[PDB]
Amino acid sequence: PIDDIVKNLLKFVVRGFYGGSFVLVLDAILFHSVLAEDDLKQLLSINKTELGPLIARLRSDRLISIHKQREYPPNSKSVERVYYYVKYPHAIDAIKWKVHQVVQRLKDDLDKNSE
DNA sequence: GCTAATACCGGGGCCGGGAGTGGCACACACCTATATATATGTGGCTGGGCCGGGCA
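In short: position in the first sequence from 1, add 3, done, that's the authors' numbering.
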């Protein structure tokens, strides 16, 4: 289908331009449509200061959007859970525009050393 | 002159937190044991002679 080609695209871009934990979180969202913050912490066994910059990096690239869902279950605790969701069109647009900017920025450097 | 729908304020009940307390993990210095030369520098303890108090 067309939806799976977007998944392979995100795997190629995140795997190709970032480290491993980025595709760890990425695949962790590709397996579960709504991934809680406590599930990703207990999954990769990473600290909060290590889960922070990863989610912030995946949000700065417009790859995923977050959904802070409310909770008032058992102990009447307002348990908020940041459920991550893959933003397909904004991520594809980010990939296309970033590729265009890479081509344009690598084309300008050739004209300077030509003379 | 008369009546029903609308909006503002207060009280009792309910939820999040962060400095406090406590717990867990990792890394680095101490200092006990022993050795010689050296000496001022006391700190502390003990025996003999002298004096004052108790006793015959």
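Note that beta-carbon positions come from the ideal geometry of N, C-alpha and C, so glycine has one too.
For the options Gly-55, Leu-12, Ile-8 and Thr-52, the alpha carbon positioned closest to that of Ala-97 is the one of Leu-12. If you check the CB distance, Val-82 and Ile-69 do not come in under 7 Å. Taking the C-beta atoms as reference points, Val-9 is found nearer than 7 Å to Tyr-91. Under the three-state reduction of DSSP output, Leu-66 falls in the coil class, being neither helix nor strand. CA-CA distance, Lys-14 to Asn-116, rounds to 35 Å. By the Cβ-count criterion, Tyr-87 is buried, with 16 or more other Cβ atoms from all chains shown falling within 10 Å of its own Cβ.
In this structure, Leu-43 sits away from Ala-59, with a CB-CB distance that is not shorter than 7 Å. Bounds of the alpha helix (DSSP H) holding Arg-108 are 91 to 115. A straight line joining the alpha-carbon of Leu-109 with that of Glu-118 spans about 16 Å. Per the C-alpha coordinates, the member of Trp-100, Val-17, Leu-29 and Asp-41 positioned closest to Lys-71 is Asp-41.
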